[PDB]
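One chain comes next, on its own, written out as C-alpha cells in the form deposited in one PDB entry.
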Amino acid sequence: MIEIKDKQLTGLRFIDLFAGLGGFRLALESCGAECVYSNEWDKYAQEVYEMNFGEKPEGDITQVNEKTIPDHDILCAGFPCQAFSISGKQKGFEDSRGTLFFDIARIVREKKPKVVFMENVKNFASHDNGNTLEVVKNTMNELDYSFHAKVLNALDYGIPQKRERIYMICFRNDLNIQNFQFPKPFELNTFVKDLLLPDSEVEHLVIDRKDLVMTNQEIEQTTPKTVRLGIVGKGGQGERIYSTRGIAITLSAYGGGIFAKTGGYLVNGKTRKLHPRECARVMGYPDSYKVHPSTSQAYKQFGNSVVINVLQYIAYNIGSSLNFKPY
C-alpha cells in the first residue's frame, strides 16, 4: 500500500461489508476515513480481522436488520464472486451465494450513504450476456445513484499481479458529482522478485516433482506480464510455474493444484508456491498486517481479497470529488 499525505476522506464514516481481511478498511482509513461497522461471517476471517483491528465483525448479513446498521457516508463491499467468476460454474443470482448484492441494495435503501463502493471479478462485467451488471446498474440508478463501473488491472497501479477486477462507484444523485474519474494507469516498476522473502524463510514451500517440465527459458528482463516457464502434471490451475521477473497470477480462495491458491514460481533454480507473507505483499498489504495462523485460511483470505493500492487511488479520487464544492 501507499502513503497518502492529503487525506481526502477525513471526517467521513464508512461501513466494511464482507470485510474479509479488512482491505477496504486499510485503504479508506489510509485516506482519513473512520470505520463505524464491519460485517463478515467466516470464523477464521473474523479472527484475523479482530487480530488486526481489535473488533469482531457482525455475522451473516442476510439476517441483520438494515435499520441496525450505523449511519455512514461510504458503503464498501467486495461481495462474493464464486457465482460469477470465470473459474466457477457461473450460476449467478441462481447461486446460493450470488444474491448478496441485493443485501447491499437493501442496506443502501435504508441508510442511503453518499457513496457506494463495490468490487468483484472481471467476468462479473460480462456474466450472462451482461445482464447481471445491468441489474446492478438499474438497481442503483433506481435507488437514485449514478453508476461508475470500470475494470482495472492491478499491474497498472504499482502492484505486480495480473488481477483484473470490476470496481463500481455510485454517488447519491443530490451530490451532483460530475468529475469522478478512475485512476490513470502508470508504469509498473516492481516485480515478483522484489517482493519475495529470503530463501531461508521459504525452503518448506519448495516442490520438487518428477513430472516437472520446463517449457520456457527464464527471462532476464523484467516485464509487466505473467510469463509461464513450466508445468507440473497436466498443467491445470495451480500446476503452472511462472517467472518472478514477470508479475504474479491471480491469487484465489478455493484454488487447488500443488501450488494451490498462489501458483508456482521459479526462484533461484527451485520451484515453489508463495508464502502467505508474499501473498500479502502481492495484494499490497503492509508487512505490519498480521496474517492468520492457519496457512490454508491465510491463502484463502488473501485469495478472495483486494489489492489495497488500487483501492487507495480510487478512494482518493472518491474524496477528491466529494470535496470539490465551489460557490
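For clarity, a rigid core is taken as the largest C-alpha set superposing within 1.5 Å between two forms. Residue numbers run from 1 along the displayed sequence. Only residues modelled in both forms are compared.
Only in words, not in the display: the form deposited in another entry, which the text now covers.
Taking the core as reference between this form and the one not shown, the lone member of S85, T139, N153, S146 whose Cα moves by 2 Å or more is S85. If you fit the rigid core between this form and the one not shown, you'll see the Cα of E164 move by less than 2 angstroms. Fitting the two forms on the rigid core leaves the C-alpha of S96 displaced by at least 2 angstroms between this form and the one not shown. Between this form and the other one, the CA-CA gap for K137 and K91 narrows by 3 Å or more, being smaller in the other form. Relative to the shown form, the Cα atoms of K122 and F84 move apart by 3 Å or more in the other form. Shifted regions between this form and the one not shown (core-superposed; runs of 3+ residues, all CA displacements of 2 Å or more, residues common to both forms): 81-98, 235-237.
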